[PDB]
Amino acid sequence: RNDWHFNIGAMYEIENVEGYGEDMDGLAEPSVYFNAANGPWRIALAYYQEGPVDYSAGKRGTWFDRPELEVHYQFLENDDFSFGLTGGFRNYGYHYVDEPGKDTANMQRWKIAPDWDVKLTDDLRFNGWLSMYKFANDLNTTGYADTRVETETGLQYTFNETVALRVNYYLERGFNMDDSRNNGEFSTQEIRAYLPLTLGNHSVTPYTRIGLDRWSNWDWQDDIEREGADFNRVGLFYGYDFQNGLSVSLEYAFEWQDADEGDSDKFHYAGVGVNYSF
């Protein structure tokens, strides 16, 4: 038997829509997590919430919580190949306020996800993860498709110790395996690019996501909706490592619709995180 490694941490993320010259409504997304690792094994517990930012200070709407348990096993880990596998369980416990005909819901998500890292040359790596999810229970309420596939995979070129370029293909696709179901169906494809910099104890990663294509059909999106015009997004992740097990992270991203017309809604994403490693 080997050593236990532990992490605990907490994050607070905000999403805002910008329209008519100001922040128009936003979500607040507190979360916390704990993880424990030994040899090839890792287990992670987490609790996440998403609801209206000023929900407790007066009023607002639909929120959900999302307790989670994941287990990861590293099959291979070396220089030339790494391969690992996650199994996961979440509950989505929805509380509807906005919604007519809707009340509470509990829908589970089951996850199986390989992750890999393959050396192509001394400078170049092919890496990625791919996840399959099954959603179960309350789907008539939540409107989700029963199955989903998601992957980010691509190439990493390392310049030297301080800088690396990564460029990835991203896909997310919701579909129904049950012929009877037709809700929640969508597809999103992007290219994503990152320039992670390691400057002493600071980590700085500017990045961009370039929309390739997206569509959602009838059910999906905003109940009474479902769209299909693609977004660009630019962001910056900043990390700081205190060298005593403590680290903090700050993230900011801006997203707009390259679509044509007059104006259209934009989106801001911000996050602050803390991790303690022992």
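When you see a residue number, it is the position in the sequence shown, counting from 1.
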| query | finding |
| --- | --- |
| 55-63 set against 245-253, stretch whose average Cα temperature factor tops the other in the entry | 55-63 |
| Per the entry, higher mean C-alpha B factor between 192-200 and 94-102 | 94-102 |
| C-alpha B-factor winner, where the candidates are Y48, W215, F34, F237 | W215 |
| Highest-ranked of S82, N182, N127, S131 once sorted by CA temperature factor in the record | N182 |
| Ranked C-alpha temperature factor of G228 among modelled chain residues, by third | highest |
| Chain-wide C-alpha B factor ranking for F267, given as lowest, middle or highest third | middle |
| CA B-factor ranking of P40, expressed as a third of its chain | middle |
| Entry-reported Cα temperature factor of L171, expressed as the chain third it lands in | middle |
| Chain-relative CA temperature factor third for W4 | highest |
